[PDB]
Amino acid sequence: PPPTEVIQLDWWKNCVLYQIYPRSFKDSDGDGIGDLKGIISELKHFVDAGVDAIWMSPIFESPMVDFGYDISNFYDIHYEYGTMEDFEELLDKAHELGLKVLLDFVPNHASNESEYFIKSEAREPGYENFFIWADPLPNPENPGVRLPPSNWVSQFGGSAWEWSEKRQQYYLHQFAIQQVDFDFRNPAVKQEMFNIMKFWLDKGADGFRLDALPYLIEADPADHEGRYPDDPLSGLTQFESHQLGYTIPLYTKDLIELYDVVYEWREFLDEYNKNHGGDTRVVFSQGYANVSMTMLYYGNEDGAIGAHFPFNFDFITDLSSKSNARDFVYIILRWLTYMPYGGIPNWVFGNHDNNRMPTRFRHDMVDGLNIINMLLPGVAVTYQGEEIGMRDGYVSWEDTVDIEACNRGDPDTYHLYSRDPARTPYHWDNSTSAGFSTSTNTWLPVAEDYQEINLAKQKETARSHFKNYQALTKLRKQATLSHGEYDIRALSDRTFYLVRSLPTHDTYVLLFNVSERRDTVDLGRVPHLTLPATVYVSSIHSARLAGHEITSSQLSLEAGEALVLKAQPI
């Protein structure tokens, strides 16, 4: 029978979404800092790679305490990265190449250098209640020793409460001292968030990543006899009272009221899209939470609609080099089992907040992991460098600039916390500073392996991570990946299959030996696979090349080996 026709999906339902970390992508001006003119000079890379949409880590005005996540002006561009004119040029050139562009910001908090905070601290009319301000806890026993409002612990270590001498109250910071939590029960705060989003959509952004949403709302002291309630204690002996893990965040994380804010954002965005037309503008939410709390970002049982999707961190939080094939299958099944009917799945293997994909897994698993990302239903998310298999770079204590590591760590522990190894500059080629900069003095050190692992090398060599990346993003154009069913099971502790199938269309099969040992499997166990089948993609050290035919039902896979097979339609 002739192949069935399929209805085209809206762009966000099956895009390849690439995360740029602008500070480390491309330095155009020799200061060792990535910049917007740098990104503009390499927009063609996303077309070459088969990326549909780029998001940037923050580029708004920021003192850079948390490299952009401490925003002092939500309406202008950080000078080290360029100007508003450069951003507008980036949007125009990206759109001309057919790319979508999303911006990133963290609604939860503003820099203490923001006009909001300066004015709030001054109790300026309209701003007095813009942030969470509290009096000290009455000390009737030592009237003279000042007590914080509650025992709340910051994500970045120490008390979540910072005394203001000027205002003679504490302000809340779930993150850095310099990152002040907005009061999301203040209508003026909610209106300012719509104002920011409308400003950037009007400039032409295609949507937003909205960061750190579990932390929006904290217990209302009206419900606790006018005090901020203590979070319950963990009782874990490895944590002292200034260490993250000392408290259970009952009153400070994943409060149900946060979701009302997200549903209100979605209603705003839906109105905006109705009144402007063109490509749908979207919101993709970030939060690390349990399955229940994460799925609530999609919407709820009462018909609320939230983010276009919450990001799926399962490959970061629940899989690693310790995982066997059964773990891989059981964790892949979690998002697919719990995600609401009609929701769009997404898959995230890395970001600027976690160690790089091949460092969390193994170097010989890069191709298999990128195949899982591209062959699962829904949206593939790629973190800068995954398309060439970048590894964590070495960063000394002396070179560490991550506030999270400076705050929580010391020269012996800092590696437990630092995100800097996943932020080292991108490897374009084997030139000075891996082609990232004409300068040797980069804001973070260039990883030692850049002569071995760089894009130019992988475009010249017959087989490479990047060429496999290109073959996979191209495969996503096939109806079997955009509209096909899925079946996933383990064949052994070492190997699993993923089958995409769709009547009258080619079948595609992943086989992946995720173990450190060779494995032999019976392909007769794989549903919808008739032999002979053809190798479409293989891992760079596979004995099988693309175009190789699989004729035998007995297949030996090397440690880390992955194959994509193209088989006849069902």
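For every residue, the number given is its place in the sequence shown, counted from 1.
Two stretches are in play, 377-385 and 243-251, and the higher mean C-alpha B-factor belongs to 243-251.
In this crystal structure, the stretch out of 143-151 and 414-422 whose C-alpha atoms carry the higher mean B factor is 143-151. Out of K100, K166, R281, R209, the entry records its largest CA B-factor for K166. Within the selection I344, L236, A176, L319, the deposited Cα B-factor values reach their highest point at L236. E485 sits in the middle third of its chain by CA B factor, as recorded in the PDB entry. Looking at the C-alpha B-factors along this chain, the one for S24 belongs to the lowest third. Ranked against the other modelled residues of its chain, the C-alpha B-factor of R408 as given in the entry falls in the highest third. When the modelled residues of the chain are ordered by their C-alpha B factor, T337 lands in the lowest third. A546 sits in the highest third of its chain by CA B factor, as recorded in the PDB entry.
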